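**Student:** Under PDB author numbering, think of the first position of the sequence shown as 1, with each following residue one higher.
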Amino acid sequence: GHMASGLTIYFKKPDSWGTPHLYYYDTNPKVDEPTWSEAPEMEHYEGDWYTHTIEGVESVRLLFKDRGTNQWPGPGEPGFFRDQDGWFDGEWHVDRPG
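#1: May I have the straight-line CA-CA distance separating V31 from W72, to the nearest angstrom?
#2: When DSSP labels each residue in this structure, what does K65 get in the three-state scheme?
#3: Which residue's Cα is closest to the Cα of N70: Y45, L7 and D15?
#4: Based on Cα-Cα distance, which residue from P29, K12 and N28 lies nearest to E43?
#5: Counting along the chain, where does the beta strand (DSSP E) carrying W49 start and finish?
#6: Kindly indicate which residue of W87, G18, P40 and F80 has the alpha-carbon position closest to the one of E55.
#7: What is the DSSP secondary structure of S5, counted as helix, strand or coil?
#8: Please classify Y25: is it buried, with 16 or more other beta-carbons within 10 angstroms of its beta-carbon, or exposed?
#9: What is the DSSP secondary structure of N70, reduced to helix, strand or coil?
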């Protein structure tokens with residue numbers, strides 16, 4: 001068959017945040033998972049939207065963070081579970097809000 005598949009996630013970065021990164025763990029199927037500090041950069045998409053695709057995954061647990069001390073959630077919170085692509089602005093949407 002075949003194409004590049006997985007979980008695409010778009011993040012509307014808060015303006016106070018520095019460069020956005022995507023931290024994710026318990027992947028399924030199991031795939032190399034990043035360090036908290038080695039989390040992939042979220043490439044700029046448009047406006048305050050940033051994006052990143054985890055290849056090969058059907059579900060993941062995720063948090064957004066910057067290269068400083070910001071994150072969402074939310075110190076003491078577990079990751080967001082996903083399962084599906086991918087637009088977060090404070091709420092999850094499957095397609096771009098608007």
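By construction, the Cβ of each residue, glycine as well, lies at the ideal position given by its N, Cα and C atoms.
**Tutor:** Per the coordinate set shown:
#1: 23 Å
#2: strand
#3: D15
#4: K12
#5: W49 to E55
#6: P40
#7: coil
#8: By the neighbour-count criterion, in which 16 or more other beta carbons inside 10 Å mark a residue as buried, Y25 falls on the exposed side.
#9: coil
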